[PDB]
Amino acid sequence: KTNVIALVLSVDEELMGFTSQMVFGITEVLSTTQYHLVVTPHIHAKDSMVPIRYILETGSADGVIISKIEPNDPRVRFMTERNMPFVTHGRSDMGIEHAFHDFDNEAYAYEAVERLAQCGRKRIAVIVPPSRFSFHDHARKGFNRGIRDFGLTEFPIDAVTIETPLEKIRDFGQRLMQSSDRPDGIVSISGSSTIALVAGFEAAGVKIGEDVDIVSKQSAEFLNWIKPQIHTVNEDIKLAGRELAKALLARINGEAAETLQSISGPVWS
């Protein structure tokens with residue numbers, strides 16, 4: 001009716017062009033269509049319902065893409081109640097079937113511990129999203145299973161997440177390698193975070209690949225350039241964009257959500 005697709009994604013400090021690749025992928029799918037893409041950002045987490053209210057009260061879009069999905073997500077419920085077609089980048093757990101595309105963060109976290117185990121590492125720390133997101137739980141599940149399956153121990157970290165400012169993450173990283181009790185392995189769920197942490201580690205005297213190994217996700221090729229000694233897994237965010245756009249269009253045409261669900265796995269560099 002309006003020919004607008006809305007993308008609502010929170011603005012994070014991010015160093016790999018997530019937004020660009022996501023937008024690129026969406027527009028690939030929309031390019032042969034009459035649809036315009038509009039992005040509606042919010043800066044704070046607490047403000048995550050704000051773009052949804054505007055879109056729905058004004059109904060200026062025909063469909064909505066959202067991300068950073070909680071297990072009990074009020075936006076999923078909100079748009080489900082008002083019959084606004086949507087697709088999620090991520091998953092919920094609330095008894096509502098919807099279209100989605102997600103990355104397998106459980107498999108990633110699990111394979112990350114495995115790699116670190118093959119590297120001879122014994123005490124693994126993990127850097128995760130805030131606990132309120134579904135992908136935190138996926139990652140924490142894969143991580144738990146890896147620690148156990150490979151008989152290692154977790155070096156615990158409650159001071160940072162992947163949404164902590166990169167400079168504070170740099171501080172923490174350095175602060176962390178300057179104790180006697182420190183991890184010899186890191187699993188990170190964010191390349192942007194990894195970069196900052198790697199900096200702190202070095203400003204603390206740590207060689208990477210020798211004194212500590214690190215597995216990280218990456219959405220862009222830029223890590224293997226910076227430090228090729230980091231073990232990397234690729235998340236395809238352009239592919240996420242395309243899939244989300246495909247699924248949202250099909251939903252707008254009334255197709256069943258249950259047929260519009262997909263999951264992409266880790267691809268080692």
# chains A, B, ... in the order shown; residues from 1 in each chain; ligands from 1
$ residues_around --residues "stretch 69-78 of chain A" --least-positions-apart "4" --cutoff "6 Å" --atoms "only C-alpha atoms" --output "MDAnalysis selection string"
chainID A and resid 90:94 133:134
$ select_by_dssp --residues "stretch 11-184 of chain A" --states "strand (DSSP E)" --output "PyMOL selection string"
chain A and resi 36-39+63-67+86-89+99-103+123-127+153-154
$ closest_atom_pairs --of "stretch 37-117 of chain A" --to "stretch 246-268 of chain A" --cutoff "8 Å" --atoms "only C-alpha atoms" --output "JSON lines"
{"residue": "A:62", "atom": "CA", "partner": "A:252", "partner_atom": "CA", "distance": 7.3}
{"residue": "A:63", "atom": "CA", "partner": "A:248", "partner_atom": "CA", "distance": 6.7}
{"residue": "A:64", "atom": "CA", "partner": "A:248", "partner_atom": "CA", "distance": 7.6}
{"residue": "A:65", "atom": "CA", "partner": "A:248", "partner_atom": "CA", "distance": 7.6}
{"residue": "A:85", "atom": "CA", "partner": "A:252", "partner_atom": "CA", "distance": 5.9}
{"residue": "A:86", "atom": "CA", "partner": "A:248", "partner_atom": "CA", "distance": 6.0}
{"residue": "A:87", "atom": "CA", "partner": "A:248", "partner_atom": "CA", "distance": 5.6}
{"residue": "A:97", "atom": "CA", "partner": "A:257", "partner_atom": "CA", "distance": 6.1}
{"residue": "A:98", "atom": "CA", "partner": "A:257", "partner_atom": "CA", "distance": 4.7}
{"residue": "A:99", "atom": "CA", "partner": "A:257", "partner_atom": "CA", "distance": 4.7}
{"residue": "A:100", "atom": "CA", "partner": "A:261", "partner_atom": "CA", "distance": 4.8}
{"residue": "A:101", "atom": "CA", "partner": "A:262", "partner_atom": "CA", "distance": 4.8}
{"residue": "A:102", "atom": "CA", "partner": "A:263", "partner_atom": "CA", "distance": 4.8}
{"residue": "A:103", "atom": "CA", "partner": "A:264", "partner_atom": "CA", "distance": 4.8}
{"residue": "A:104", "atom": "CA", "partner": "A:265", "partner_atom": "CA", "distance": 5.0}
{"residue": "A:105", "atom": "CA", "partner": "A:265", "partner_atom": "CA", "distance": 7.8}
{"residue": "A:107", "atom": "CA", "partner": "A:266", "partner_atom": "CA", "distance": 7.0}
{"residue": "A:108", "atom": "CA", "partner": "A:266", "partner_atom": "CA", "distance": 5.6}
$ closest_residue --among "A:230, A:38, A:166, A:11" --to "residue A:26" --atoms "only C-alpha atoms"
A:38
$ closest_atom_pairs --of "stretch 134-220 of chain A" --to "stretch 123-126 of chain A" --cutoff "7 Å" --atoms "only C-alpha atoms" --output "JSON lines"
{"residue": "A:152", "atom": "CA", "partner": "A:123", "partner_atom": "CA", "distance": 6.3}
{"residue": "A:153", "atom": "CA", "partner": "A:123", "partner_atom": "CA", "distance": 5.1}
{"residue": "A:154", "atom": "CA", "partner": "A:124", "partner_atom": "CA", "distance": 4.8}
{"residue": "A:155", "atom": "CA", "partner": "A:125", "partner_atom": "CA", "distance": 4.6}
{"residue": "A:156", "atom": "CA", "partner": "A:125", "partner_atom": "CA", "distance": 5.8}
{"residue": "A:157", "atom": "CA", "partner": "A:125", "partner_atom": "CA", "distance": 6.7}
{"residue": "A:183", "atom": "CA", "partner": "A:123", "partner_atom": "CA", "distance": 5.1}
{"residue": "A:184", "atom": "CA", "partner": "A:123", "partner_atom": "CA", "distance": 5.7}
{"residue": "A:185", "atom": "CA", "partner": "A:124", "partner_atom": "CA", "distance": 4.6}
{"residue": "A:186", "atom": "CA", "partner": "A:125", "partner_atom": "CA", "distance": 4.9}
{"residue": "A:187", "atom": "CA", "partner": "A:126", "partner_atom": "CA", "distance": 4.6}
{"residue": "A:188", "atom": "CA", "partner": "A:126", "partner_atom": "CA", "distance": 5.7}
$ residues_around --residues "residue A:200" --least-positions-apart "5" --cutoff "10 Å" --atoms "only C-alpha atoms" --output "list in words"
residues 167, 168, 169, 170, 171, 172, 173, 174, 175, 176, 177, 178, 194, 195, 205 and 206 of chain A
$ closest_residue --among "A:218, A:88, A:10, A:232" --to "residue A:51" --atoms "only C-alpha atoms"
A:10
$ residues_around --residues "stretch 141-143 of chain A" --least-positions-apart "6" --cutoff "7 Å" --atoms "only C-alpha atoms" --output "VMD selection string"
chain A and resid 106 to 107 109 to 110 113
$ write_last_selection --atoms "C-alpha atoms" --output "compact mmCIF listing (two decimals), in the first residue's frame"
# COMPACT_ATOMS: atom_id res chain seq x y z
CA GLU A 106 25.44 -21.99 19.51
CA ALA A 107 27.37 -23.87 16.87
CA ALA A 109 30.45 -20.87 20.33
CA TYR A 110 30.80 -24.64 20.49
CA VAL A 113 35.87 -23.82 22.31
$ residues_around --residues "residue A:238" --least-positions-apart "3" --cutoff "9 Å" --atoms "only C-alpha atoms" --output "list in words"
residues 18, 20, 21, 22, 23, 24, 25, 26, 235, 241, 242 and 243 of chain A
$ closest_residue --among "A:66, A:244, A:226, A:215" --to "residue A:269" --atoms "only C-alpha atoms"
A:215
